[PDB]
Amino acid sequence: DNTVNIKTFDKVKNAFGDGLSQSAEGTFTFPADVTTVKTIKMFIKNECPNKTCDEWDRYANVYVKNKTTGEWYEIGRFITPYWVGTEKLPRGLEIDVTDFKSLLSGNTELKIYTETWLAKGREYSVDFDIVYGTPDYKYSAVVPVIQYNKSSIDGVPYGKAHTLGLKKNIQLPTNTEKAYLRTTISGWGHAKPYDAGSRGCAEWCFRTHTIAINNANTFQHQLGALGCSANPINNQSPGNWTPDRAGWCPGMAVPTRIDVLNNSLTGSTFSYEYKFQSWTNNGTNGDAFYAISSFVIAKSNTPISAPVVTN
């Protein structure tokens, strides 16, 4: 297994106000053949010497553009650490993006965004390690099921009525050999009523959501304690970095959840539904939202087309 490293963004800035952009885009060249790709890792480095950056814990994410549809697909999400950058981590934050190998090839458009509200913003460098070898499956295709993830407050309203579709029908190519879902979810808000411990939703309140397949509860996503106090990025004081949030920590990547689908669904049309654990916002302390992206990945040893997602 030979590994090649590809540099992309180099010290790009995400910032706000007076001629600035919270996002940055660029075109980069990746190798064209991915049939040999075993793994692809993305590394995000953020240098923030001397308190020169927006000091808050901000929502940030990276997308790749699907040339075929023109849509941006979220491939990685993280929360900036308080006060400092990723200096304690020699390579920066690491996120496995192998699932998107079909799009990471040739001339590729990437975009990086930070929900920063200050001119100091954050500055990043992003690189990818591509590992060649002999994969289980040579071919893969990926498509979104839902993407309500433009920002922390642009996600799905939690505890209030909304009009967003959370159910879809998915159709996998008949020659699919393996399929699975890739979900990234993170909550925002200190909304009341609080759970015990004064934990408001959706940032602090521990919840377990469910993915239903064909109407049967199939996968559970526990948004629990990751152990923020053990963050190797531990030079965040005086920021409130050590308490556990529900499913995330400041200065860490938001976890990627992979749910393997039953083969019996292959070459069929099935329903998908993301169900949030029941809760009602009393509205006395702000709102709550869950930012989520969920994609279906289909793999095969024969060339495969994209699954079809419909309402």
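One-based numbering along the sequence shown.
Participant: Should the higher mean CA B-factor in the entry be assigned to 128 to 136 or to 84 to 92?
Facilitator: According to the PDB entry, the answer is 128 to 136.
Participant: If you average the CA temperature factors as listed in the entry, which stretch comes out higher, 101 to 109 or 162 to 170?
Facilitator: Higher mean C-alpha B-factor in the PDB entry: 101 to 109.
Participant: Tell me, please, which of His190, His209, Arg122, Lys150 has the highest C-alpha B factor according to the deposited entry?
Facilitator: Reading the PDB entry, the winner on C-alpha B-factor is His190.
Participant: If you check the C-alpha B-factor for each of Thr280, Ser264, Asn61, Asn46 in the entry, which is highest?
Facilitator: That would be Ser264.
Participant: Going by the entry, which third of its chain does the Cα temperature factor of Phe16 land in?
Facilitator: It belongs to the highest third of the chain when residues are ordered by C-alpha B-factor.
Participant: Could you place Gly251 in the lowest, middle or highest third of its chain by Cα temperature factor, using the values in the record?
Facilitator: Answer is lowest: the recorded C-alpha B-factor places it there.
Participant: C-alpha B factor of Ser293, ranked within the chain: lowest, middle or highest third?
Facilitator: Its C-alpha B-factor belongs to the lowest third of this chain's values.
Participant: Pull the Cα B-factor of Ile40 out of the PDB entry and bin it into the chain's lowest, middle or highest third.
Facilitator: Ranked within chain, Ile40 CA B lands in the lowest tercile.
Participant: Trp241: which third of its chain by C-alpha temperature factor?
Facilitator: Top third by C-alpha B-factor.
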